[PDB]
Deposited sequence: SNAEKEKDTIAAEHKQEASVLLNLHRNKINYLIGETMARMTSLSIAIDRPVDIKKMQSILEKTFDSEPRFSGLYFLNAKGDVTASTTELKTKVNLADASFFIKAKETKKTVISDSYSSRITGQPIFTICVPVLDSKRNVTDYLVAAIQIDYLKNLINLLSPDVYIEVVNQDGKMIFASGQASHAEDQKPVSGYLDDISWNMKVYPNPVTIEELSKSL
């Protein structure tokens, strides 16, 4: 009756390891892109940028690294493209352009690779603080799931956005039966993580 309250906190423990893992991953990525922005010679030479992105990508975290011009055209790209791609219609792009600040997108299906991702988009400013370009880092949802799964294969964990859209779930739902989850939002993106304690069992 009180191995209950322990299975509970054991799940609070899982919750924070996993949140932290994801927050770290996101923060580390933001910081990689922010540093690139600062280090690179302006105006940005597209050939050098291409090379930089490739060196940075060659990290299965990424679906890809991309560079955008003011219009939204993909001018540098880890993934070879058959046809020209424009990311302007993209929500994160719009938000990035208006705020002139880094943006973390909700999960979606990459127009470029076709797989579920989320993107970190960092605008590049000139001297007068106009947005001239964008660094774009796309991470596979797949990667996040697997990171969670390796740590806790046998324990159910559900991640859902602010509107109840399933981002992903790790482990077997059957483990959640009769259990209330210990839950919590991530820092940089409005994803709520729900960890289900295991049953009391002897």
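Where are the gaps relative to the deposited sequence?
Residues lacking C-alpha coordinates: 1 to 7, 66, 211 to 217.
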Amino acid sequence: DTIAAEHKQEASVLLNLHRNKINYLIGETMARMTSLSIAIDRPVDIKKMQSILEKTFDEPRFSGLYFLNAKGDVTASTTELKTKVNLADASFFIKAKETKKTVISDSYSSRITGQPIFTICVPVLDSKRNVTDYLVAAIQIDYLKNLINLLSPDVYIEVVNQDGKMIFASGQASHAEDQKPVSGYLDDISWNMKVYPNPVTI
From here on, numbers count along this sequence of modelled residues.
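Taking only the CA atoms, which stretch has the higher mean B-factor in the record, 104 to 112 or 79 to 87?
Higher of the two, by average CA B-factor, is 79 to 87.
Tell me which stretch has the larger mean Cα B-factor in this entry, 142 to 150 or 22 to 30.
Looking at the record's C-alpha B-factors, the answer is 142 to 150.
Could you say whether, by C-alpha temperature factor, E54 belongs to the lowest, middle or highest third of its chain?
Its C-alpha B-factor, which the entry lists for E54, ranks in the middle third among residues of this chain.
Please place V155 in the lowest, middle or highest third of its chain according to the CA B-factor in the PDB entry.
According to the entry, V155 has a C-alpha B-factor in the chain's highest third.
Ranked by Cα temperature factor within the chain, is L15 in the lowest third, the middle third or the highest third?
Its C-alpha B-factor belongs to the highest third of this chain's values.
Test of reading the entry: by CA B factor among the chain's modelled residues, which third contains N192?
Ranked within chain, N192 CA B lands in the lowest tercile.
Lowest, middle or highest third of the chain for the C-alpha temperature factor of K165?
Ranked within chain, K165 CA B lands in the lowest tercile.
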